[PDB]
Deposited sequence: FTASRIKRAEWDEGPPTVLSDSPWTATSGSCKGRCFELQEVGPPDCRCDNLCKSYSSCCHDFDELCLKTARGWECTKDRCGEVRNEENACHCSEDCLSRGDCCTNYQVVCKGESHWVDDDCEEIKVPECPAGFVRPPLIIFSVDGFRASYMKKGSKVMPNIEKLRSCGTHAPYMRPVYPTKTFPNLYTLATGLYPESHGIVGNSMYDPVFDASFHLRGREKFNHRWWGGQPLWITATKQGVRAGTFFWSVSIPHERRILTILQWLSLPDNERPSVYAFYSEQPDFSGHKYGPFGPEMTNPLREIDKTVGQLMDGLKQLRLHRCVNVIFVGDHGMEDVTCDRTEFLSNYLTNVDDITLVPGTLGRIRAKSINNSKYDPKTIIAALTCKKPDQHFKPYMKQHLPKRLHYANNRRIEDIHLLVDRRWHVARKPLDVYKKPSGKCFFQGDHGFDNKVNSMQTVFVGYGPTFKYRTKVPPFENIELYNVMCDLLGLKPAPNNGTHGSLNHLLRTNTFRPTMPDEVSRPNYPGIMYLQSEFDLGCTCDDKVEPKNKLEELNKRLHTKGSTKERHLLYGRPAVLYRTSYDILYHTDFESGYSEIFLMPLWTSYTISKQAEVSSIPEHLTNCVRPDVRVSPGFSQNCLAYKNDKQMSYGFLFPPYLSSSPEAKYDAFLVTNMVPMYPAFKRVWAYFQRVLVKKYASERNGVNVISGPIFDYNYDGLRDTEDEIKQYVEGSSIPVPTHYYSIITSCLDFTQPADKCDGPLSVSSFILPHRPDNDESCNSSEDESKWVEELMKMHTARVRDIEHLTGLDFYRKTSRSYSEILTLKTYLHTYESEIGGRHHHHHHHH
């Protein structure tokens, strides 16, 4: 209940909030039914259209009009956007040639270039090209501004998570908005689209741009707009705010459009009925740029044209039903659609077993159009686990399909488009264009993740970003002028460089190796290998930096080089270069069980084979593969206890294929590759490395910890006519984070040869170097000829393995 006996007289779209019970006059008031009685009358005029006609120029002012064509309207800052064109014989913004904007042309009293964020729902990346013929205003922005072919959203590819990630730079798991619909088990409440619960502040974490602005003395226009407020009014409101005196005037503005998402659901992504929605966006953009030209701001303001996600062909008939897999369907709640989330219907039931739910959903039909995971087993690049609002059980749904619980939920067909799938899917990609004095001229940039923009928008506004998941500096190549020069973090732990300190007989590991067969030329030469005489062949980008306090040793060998952790009893990283000319060999008969002690590292800081024998679930593998040894002699180095890592047999299949076939293959395709591999420990699935006392799993009867994942970073020359190990120019990279899992239930073809399923699993588990840095606490690419900004961009790249957009 609100007494709304006040008035909006003089308060149309006031910027600060007066609380209950006094009536409101802001673009939010409708959503509370707390607008003053006269709001519609005064603040939402609609009379006489949104365009000056030839027969309205120099007219007498009449306050009841929606906009004005009167001689004094320029001053009042409330002209129609085409006032100058029709009346003063000016040309539309779109119809002028674009001159480069080498410096801000801002009128007096403007201390900084404003920022307008023009956000559009469901604007699929491929609209920029496939609709270019009917979007001339936006094609001017794109071609004269700075654009990327596409921009990658976050999972899930839904509106709320993506809009709030754009405003926070945070992953959904961090900011809290993990779906359009949500249940919080601590709150005992649901977050929905229709309803008022979504308004409470307790859902929203992190610090969005407008709060970041306000707290640092930069005033902001409001971001939310009510559904009923038409777009034309929204633009005039932004143009009026810009007329406000210097000390009242916001520096950052936002506009939003429900289109083209709204129509895309009805007609699909490319239905013929989509041309019209696109025409209207362009028209709206036209009114803004025309209106800015009127205020002498068109070479002063920076404009961001950005979408939240794309759109895919989806229909009712393409629905999987859980009622055809489970018998016990009324014992679960599903959050359905382009992604599934399952939980117990009642927490009062003791016999609710997720192991058995996943069983019944795994590879149960050759058709199957979805795949269950436990959230911690999701690809780490999705960063979709670390929140109480995300249910333990998750369904990754195939592009073009839906998941529902029972058939009745789907009839008690209409739609032809939807969105929400995995964020590396082409149809889900969206747009970025930046145009203005601070952005670059006629410049294309590589695709980037939307988590990066918060940082840039803070830069555009001279703000200091709140802690976020962007990598600040990685988008400096978008900007004409930078206020952030990124600097490399300092190494926390310096290594030990141990020599030969131990005799064989001091080791009691229970490990045998047949290696007792017997020169000054080639015996002087392999000591040199252990001092690192070939370290600049196998360690091309300097040693990783350890960014935490720990104790580790650098170990040199002929073929490879490692940083060995005395705490975790295995390498943090292993580095080696495989040239194009290198040859694959096999593990000879006599060395199949061979595990040699390392005489640089004490018995007490080593693994032992006895644990592996006694633990019937856990086998072992090697980080540097014996298969790629340079010679029969060097192959012995690969069997050192200090190259050894614990591996479930099931996972040895995956790993073996990678080491035996794929590395050589990549070395052929890319003219050699540098490989760095190591373990990852993340039992708390927060995407960050775990300390010694968070380890949940050891090899039975030992202090040998068990990685939750294994990673590799594969670098080469981008100019592939140059060997990896002699690259003059920019680098090219691909990475992965394989889940270390006791089975291969994730791959429904696993009973076949490794050549059918392994490389497919690895593609799904593609990863950014930065993702690995978070999980390891290391820092790569410390010594290159390349600028640090470029290296940041390199570390944020993700190889998607998709086709061309």
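- The chain's deposited sequence has unresolved stretches at 1-23, 436-440, 547-548, 836-846, with no C-alpha coordinates there.
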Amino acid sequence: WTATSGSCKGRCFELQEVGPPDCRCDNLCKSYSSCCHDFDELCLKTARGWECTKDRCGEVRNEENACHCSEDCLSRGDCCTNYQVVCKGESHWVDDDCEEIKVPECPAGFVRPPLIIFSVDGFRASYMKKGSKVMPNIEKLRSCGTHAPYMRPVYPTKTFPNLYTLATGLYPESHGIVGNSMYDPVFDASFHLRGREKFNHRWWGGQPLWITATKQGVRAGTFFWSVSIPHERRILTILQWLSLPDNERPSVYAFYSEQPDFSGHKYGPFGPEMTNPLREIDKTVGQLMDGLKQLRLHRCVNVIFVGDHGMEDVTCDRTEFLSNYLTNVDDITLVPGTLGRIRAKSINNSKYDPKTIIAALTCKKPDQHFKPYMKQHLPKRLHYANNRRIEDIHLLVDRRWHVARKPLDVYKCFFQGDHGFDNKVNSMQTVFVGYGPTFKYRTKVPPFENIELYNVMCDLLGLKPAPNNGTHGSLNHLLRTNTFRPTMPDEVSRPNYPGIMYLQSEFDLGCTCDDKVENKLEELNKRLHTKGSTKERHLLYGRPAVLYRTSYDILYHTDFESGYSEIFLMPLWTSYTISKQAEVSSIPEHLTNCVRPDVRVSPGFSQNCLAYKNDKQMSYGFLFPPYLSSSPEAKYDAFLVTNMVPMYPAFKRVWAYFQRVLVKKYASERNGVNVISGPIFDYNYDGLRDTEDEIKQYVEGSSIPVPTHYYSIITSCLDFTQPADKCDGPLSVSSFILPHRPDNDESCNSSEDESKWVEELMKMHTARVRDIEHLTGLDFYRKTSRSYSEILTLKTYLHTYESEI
From here on, numbers count along this sequence of modelled residues.
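Rigid core (definition): largest C-alpha set, two forms, superposition within 1.5 Å.
- Comparing the two stretches 445-453 and 187-195 by root mean square C-alpha distance in 6 other deposited structures of this protein, with all structures fitted on the core, the more displaced one is 187-195.
- In summary, of the stretches 476-484 and 82-90, 476-484 shows the greater Cα distance from the shown form in 6 other deposited structures of this protein, with structures fitted on the rigid core.
- Comparing 12-20 with 787-795, the higher mean C-alpha B-factor in the PDB entry belongs to 12-20.
- Stretches 22-30 and 763-771 differ in mean C-alpha B factor, with the higher average recorded for 22-30.
- In the PDB entry, the Cα temperature factor peaks, among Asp398, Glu90, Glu449, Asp313, at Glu90.
- Residues shown: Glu566, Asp514, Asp637, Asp418. Highest C-alpha temperature factor in the entry: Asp514.
- Sort the modelled residues of the chain by CA B factor and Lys371 lands in the middle third.
- In this PDB entry, the Cα temperature factor of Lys696 sits in the middle third of its chain's modelled residues.
- Among the modelled residues of its chain, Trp757 has a C-alpha B-factor that falls in the middle third, as given in the PDB entry.
- Among the modelled residues of its chain, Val227 has a C-alpha B-factor that falls in the highest third, as given in the PDB entry.
- When the CA B factors of the chain's modelled residues are split into thirds, the value for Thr776 lands in the lowest one.
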